[PDB]
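We name chains A, B, ... by the order of the sequence lines, and we start the count at 1 in each one. Computed over heavy atoms, backbone and side chain alike; hydrogens, waters and symmetry mates excluded. Whatever order the structure lists them in is the order used to number ligands and atoms, beginning at 1.
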Amino acid sequence: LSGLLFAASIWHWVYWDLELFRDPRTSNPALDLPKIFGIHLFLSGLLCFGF
Amino acid sequence: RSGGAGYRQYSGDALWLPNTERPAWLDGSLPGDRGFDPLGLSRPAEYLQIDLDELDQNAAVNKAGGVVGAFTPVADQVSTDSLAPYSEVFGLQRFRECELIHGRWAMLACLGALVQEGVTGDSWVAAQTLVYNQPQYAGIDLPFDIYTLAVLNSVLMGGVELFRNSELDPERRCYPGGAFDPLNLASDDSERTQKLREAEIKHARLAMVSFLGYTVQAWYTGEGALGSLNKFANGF
Amino acid sequence: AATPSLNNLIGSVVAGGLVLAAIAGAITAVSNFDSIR
Amino acid sequence: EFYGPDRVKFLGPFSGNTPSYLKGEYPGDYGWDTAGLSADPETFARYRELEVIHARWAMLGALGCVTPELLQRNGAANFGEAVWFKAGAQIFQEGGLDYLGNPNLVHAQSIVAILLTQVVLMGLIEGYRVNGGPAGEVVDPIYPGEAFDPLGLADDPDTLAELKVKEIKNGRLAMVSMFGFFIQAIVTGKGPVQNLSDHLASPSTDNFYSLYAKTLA
Amino acid sequence: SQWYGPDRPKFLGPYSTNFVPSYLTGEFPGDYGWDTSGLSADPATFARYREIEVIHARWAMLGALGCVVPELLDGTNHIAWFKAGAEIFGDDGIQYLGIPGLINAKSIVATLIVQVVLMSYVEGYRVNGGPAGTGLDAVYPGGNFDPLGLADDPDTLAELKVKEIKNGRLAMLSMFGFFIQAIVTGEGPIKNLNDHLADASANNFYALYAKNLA
Amino acid sequence: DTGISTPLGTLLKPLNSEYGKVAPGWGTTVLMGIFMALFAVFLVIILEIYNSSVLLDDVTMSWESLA
Ligand code: CHL
Ligand code: CLA
Ligand SMILES: CC1=C[C@H](O)CC(C)(C)[C@H]1/C=C/C(C)=C/C=C/C(C)=C/C=C/C=C(C)/C=C/C=C(C)/C=C/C1=C(C)C[C@H](O)CC1(C)C
Ligand SMILES: CC1=C[C@H](O)CC(C)(C)[C@H]1/C=C/C(C)=C/C=C/C(C)=C/C=C/C=C(C)/C=C/C=C(C)/C=C/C1=C(C)C[C@H](O)CC1(C)C
Ligand SMILES: CC1=C(/C=C/C(C)=C/C=C/C(C)=C/C=C/C=C(C)/C=C/C=C(C)/C=C/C2=C(C)CCCC2(C)C)C(C)(C)CCC1
């Protein structure tokens with residue numbers, strides 16, 4: 001797993017200019033943290049329940 | 001046969017409280033519109049846009065973003081976005097789709113729990129573990145290990161739900177018709193279609209509350225649907 | 001089945017709420033009476 | 001017969017003089033205000049509302065104090081305390097209060113919560129009865145109708161007139177009988193249904209005389 | 001259309017062309033020209049009689065189905081229709097489909113009380129109109145009573161009405177069979193049918209009860 | 001100028017498209033405070049159990065609880 005994460009680190013580093021990361025209203029790099037928190041919290045609760 | 005002998009005819013739309021008024025956002029066009037939105041969930045949602053915070057270290061002062069302005073987005077606009085088709089979460093048409101989908105499952109579930117308990121004698125809650133330990137239907141052992149069934153259920157339901165999400169018409173997302181209305185009972189705009197849709201949501205809301213009864217009764221009493229019924233009768 | 005130790009814990013929670021409410025009530029009363037402009 | 005100047009009177013033929021303010025136009029008017037308590041028209045209106053509210057409660061109370069006792073001694077159901085003057089004590093038991101003796105009905109355990117819930121619910125209900133609310137707006141403080149007459153038994157005004165009399169008449173009988181329930185309970189610790197059975201068993205020996213009475217001195 | 005008019009089929013087959021009552025012309029469904037008695041000569045009685053037939057018909061069709069289902073299902077103990085009412089007096093009471101907890105009815109008086117109150121409202125609404133409908137045909141109200149709009153076409157309604165009466169008359173005749181077969185055989189209609197199916201020459205009315213009927 | 005486009009990126013784009021969208025005023029802050037107070041009360045209770053400041057009858061709060 002460490003090797004795969006290392007390879008993904010190189011890719012996500014070289015290809016940093018993804019249209020996913022740009023705010024559609026101003027075309028600037030931004031993150032909708034309130035929504036990202038909800039996404040990454042849902043996974044945490046789902047993974048907590050499964051364990 | 002004028003009638004008016006065994007009932008008091010009442011003028012006005014039947015609402016959830018004898019003396020109330022419909023919310024401005026509930027006109028009464030949709031089936032089952034009984035004027036019930038006390039929390040105003042379907043009410044048009046107002047929003048304010050905050051400007052992007054300055055986070056450039058090449059600048060002397062990095063102030064926080066202010067209110068670019070207020071905006072009320074138009075709801076009920078389905079888009080090609082697979083992961084979030086609707087423009088707004090809080091929209092009457094989207095909630096209606098959720099109400100029908102939540103409702104149609106509960107109608108199937110309420111009937112299913114009753115039938116399996118009358119056939120196998122096992123509670124609907126207890127049947128979950130029993131089938132997991134031994135896959136079976138109607139007392140017949142199924143020719144499939146639970147592991148394959150688990151992957152199959154996820155894949156089958158995954159494909160089915162992805163097909164359902166392909167529709168872009170908000171009304172057709174709630175009433176697809178076509179292959180799902182082979183008898184052409186409510187594929188028109190007649191009053192029969194309106195009455196049938198009124199019957200569906202009523203049976204749907206009943207099933208949602210009823211299945212909420214099943215799970216709460218199983219938590220408290222411990223028995224299933226038929227079991228709770230028998231326990232109550234004997235409790236006297 | 002509630003133990004006397006549990007009753008005091010619940011009472012302390014209630015007492016803590018009354019201390020918080022008595023602080024908030026005093027602050028709101030003075031803030032409303034001695035308002036600015 | 002029950003309205004107008006020729007209405008029947010509480011003293012029958014011997015009624016003779018009747019209060020001038022106590023004319024017809026109101027249900028249950030038998031020309032009985034010998035105490036002259038409703039001389040003021042404003043007070044008469046208030047007393048009329050008090051009578052019908054005391055009457056409606058009495059009808060509910062009369063039926064409600066007899067049914068659990070009837071069911072218990074008829075074998076229909078087993079209650080914690082069938083007799084009305086003891087049904088309140090059910091909350092002070094091992095199983096709390098179970099409706100119809102079924103542990104899976106209501107199953108109340110805290111008299112406070114019962115008291116708190118009644119205060120909130122009755123307070124709002126009585127407020128709605130005096131200022132309108134979810135059930136309807138106020139037109140007649142004692143005869144709302146509308147949501148309170150869904151069956152439409154009083155749609156015709158002629159039937160509404162005679163029906164109001166039936167309610168006050170049945171109500172008044174309930175008030176007298178419920179007043180009896182209070183006294184019979186104190187004089188006889190037995191429930192009112194038990195008293196009726198005893199009077200039927202031996203009316204000569206089982207009655208307010210040939211028993212108690214002398215004890216009341 | 002074959003079921004109406006003067007060319008309609010008649011109860012006496014070929015031997016009915018010269019034997020037709022004047023009042024029976026072919027306007028109403030189920031007209032086979034069978035009015036040998038003087039009944040329904042006056043239109044007022046004929047109109048009244050036509051409704052009673054459809055009512056007795058729709059009732060019989062419900063009765064014919066309901067006198068067989070419980071006897072054909074397990075859990076109900078294959079109870080005979082003429083022996084179903086007594087169950088209310090059993091210790092278990094009336095548990096629908098045999099599933100305990102369903103109705104658990106045990107008071108015959110309570111059942112009759114609700115039936116009288118509900119049926120009186122229902123029958124009253126059917127005669128003087130009511131919430132379901134007002135100003136509609138007495139026997140064919142439709143509307144709330146025709147949700148699937150199966151009879152929207154007048155032509156379809158006419159043929160369907162012929163289907164309703166012919167099925168009803170068969171049910172009425174078979175219900176009369178249930179009454180007599182039970183009073184003679186003492187067994188439920190399904191049991192009587194099964195016995196015939198097994199040994200028809202032995203298990204039939206003539207070879208079993210005809211001799212003791214006098 | 002629009003950035004690199006990928007099939008996975010266009011799929012996930014709707015989830016990152018409401019950067020500054022807020023509910024006017026205090027929103028559900030009062031509702032949030034209720035859950036915080038409930039969480040604060042819950043944390044106190046479990047703290048008391050471990051600290052033995054609350055002695056529940058069923059819990060033993062020792063290694064004998066393993067048995
Ligand atoms: C068309 C309606 C109807 C019919 C035909 C019957 C028939 C019968 N019931 Mg019955 N019931 C009916 C309605 C009702 N029953 C009951 C409650 C009971 C109980 C509790 C019992 C019966 C029983 C019986 C049977 C008596 C024993 C026997 O073998 O008799 C055979 C006799 C016949 C076949 C001759 C009768 C045939 C005729 C066509 C009947 C016509 C009835 C009409 C309704 C006419 C009504 C006229 C007036 C009153 C309006 C019998 C077959 C008993 C039973 O099941 O025994 C085991 C029993 O214990 N019934 C209720 C209230 C819940 C009813 C409500 O509508
Ligand atoms: C004029 C027509 C007519 C009349 C007068 C009757 C009269 C009667 N029927 Mg009957 N029936 C009829 C038509 C008729 N039926 C028809 C056409 C059918 C075919 C569908 C049936 C099928 C039928 C059955 C299966 C049973 C009766 C029964 C009865 C008797 C008691 C009914 C009862 O319990 O209360 C009224 C009934 C109801 C109010 C129905 C309640 C709704 C049910 C219980 C819900 C559906 C089942 C439910 C999902 C079960 C949950 C668990 C399950 C999934 C395992 C009664 C004398 C019962 C009996 O024991 O006979 C003595 C009995 O079990 N009938
Ligand atoms: C006319 C005249 C004229 C001139 O003026 C003179 C004079 C004399 C003054 C007058 C008269 C008057 C009178 C007679 C009065 C009376 C009254 C009454 C008795 C009332 C009651 C009244 C009464 C009433 C209301 C009652 C009510 C009841 C109730 C609520 C009950 C409840 C209950 C129940 C159910 C059961 C349980 O377990 C218990 C309880 C819970 C408890
Ligand atoms: C046309 C003509 C002409 C010339 O002119 C003359 C003449 C010849 C006379 C005529 C004829 C006539 C006729 C034929 C008649 C018949 C009738 C009938 C049989 C009816 C039935 C009728 C019958 C009917 C309705 C039936 C009904 C039934 C029912 C509801 C049922 C019920 C039930 C059920 C389900 C089940 C259970 O367990 C039981 C009960 C509860 C019981
Ligand atoms: C001193 C000290 C400290 C610090 C510590 C640390 C921080 C350490 C580090 C650690 C680490 C951080 C380590 C690391 C490791 C890693 C590794 C060792 C890697 C591995 C990898 C490999 C082996 C390969 C893989 C691959 C690739 C790349 C690709 C694909 C294929 C494969 C998978 C093969 C502290 C704080 C404690 C304090 C005290 C003192």
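- At least one donor-acceptor pair under 3.5 Å links the side chain of D/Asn102 to the backbone N or O of D/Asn104.
- Distance check for atom 41 (C) of ligand 3: every protein heavy atom is found at 4.0 Å or beyond.
- Within the 4.0 angstrom cut-off, atom 63 (C) of ligand 1 has one or more protein heavy-atom neighbours.
- Distance screen at 4.0 Å: atom 35 (C) of ligand 1 has no protein heavy-atom neighbour inside the cut-off.
- Atom 59 (O) of ligand 1 lies below 4.0 Å from at least one non-hydrogen atom of the protein.
- Using a 3.5 Å distance cut-off with no hydrogens or angles, the side chains of D/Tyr30 and D/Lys169 do pair a donor with an acceptor.
- Counting heavy atoms closer than 4.0 Å to ligand 1, residue E/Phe179 contributes side-chain atoms (C-beta onward) but none from N, CA, C or O.
- Remark: E/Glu51 engages E/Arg126 in a salt bridge, criterion side-chain N to carboxylate O under 4.0 Å.
- Residue E/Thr111 places no N or O, backbone or side chain, under 3.5 Å from any N or O of ligand 1.
- Taking each of D/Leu22, D/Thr67, D/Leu37 in turn, the one with a heavy atom nearest to atom 9 (C) of ligand 3 proves to be D/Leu37.
- The presence of a protein heavy atom under 4.0 Å from atom 21 (C) of ligand 1 is confirmed.
- Looking at E/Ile183 next to ligand 1, no N or O pair under 3.5 Å apart turns up.
- Within the 4.0 Å cut-off (strictly below), no protein heavy atom is located near atom 17 (C) of ligand 3.
- Counting heavy atoms closer than 4.0 Å to ligand 3, residue D/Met175 contributes atoms from both its backbone and its side chain.
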Need the list: ligand 2 N/O atoms against protein N/O atoms, distance under 3.5 Å, rounded to one decimal.
from, atom 1, to, atom 2, distance (Å)
ligand 2, 64 (O), E/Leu97, N, 2.8

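- Between the choices E/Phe176, E/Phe82, E/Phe178, E/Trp81, the shortest heavy-atom distance to atom 28 (C) of ligand 1 belongs to E/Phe82.
- In this structure, atom 12 (C) of ligand 3 is not in close contact with the protein, since no protein heavy atom lies within 4.0 Å of it.
- Taking only nitrogen or oxygen atoms, main chain and side chain alike, E/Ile108 does not reach within less than 3.5 Å of ligand 1.
- For atom 26 (C) of ligand 3, the protein comes within 4.0 Å by at least one heavy atom.
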Could you give the side-chain donor-acceptor pairs of residues 54-70 of chain D under 3.5 Å, partners two or more places apart or in another chain?
from, atom 1, to, atom 2, distance (Å)
D/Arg56, NE, D/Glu167, OE2, 2.6
D/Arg56, NH1, D/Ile142, O, 2.8
D/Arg56, NH2, D/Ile142, O, 2.9
D/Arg56, NH2, D/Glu167, OE1, 3.2
D/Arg56, NH2, D/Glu167, OE2, 3.3
D/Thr67, OG1, D/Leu63, O, 2.7
D/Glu69, OE2, D/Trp84, N, 3.1

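- Atom 6 (C) of ligand 3 lies below 4.0 Å from at least one non-hydrogen atom of the protein.
- Of the protein's non-hydrogen atoms, D/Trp32 O, 3.1 Å is the one closest to atom 3 (C) of ligand 3.
- Distance check for atom 54 (C) of ligand 1: a protein heavy atom is found below 4.0 Å.
- Heavy-atom proximity to D/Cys65, at under 4.0 Å, picks out these atoms of ligand 3: 34 (C), 35 (C), 36 (C).
- Between atom 39 (C) of ligand 3 and the options D/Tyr47, D/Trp84, D/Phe181, the minimum heavy-atom separation is to D/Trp84.
- Note that atom 2 (C) of ligand 1 has no protein non-hydrogen atoms nearby, at separations under 4.0 angstrom.
- Within the 4.0 angstrom cut-off, atom 22 (C) of ligand 3 has one or more protein heavy-atom neighbours.
- Under a 4.0 Å criterion applied to the non-hydrogen atoms of E/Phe89, ligand 1 contributes the atoms 20 (C), 59 (O).
- Residue D/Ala87 approaches ligand 3 through these ligand atoms, each under 4.0 Å from one of its heavy atoms: 38 (O).
- There is a protein heavy atom less than 4.0 angstrom from atom 66 (O) of ligand 1.
- We find that D/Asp198 and D/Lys190 are joined by a salt bridge, their nearest charged nitrogen and carboxylate oxygen being less than 4.0 Å apart.
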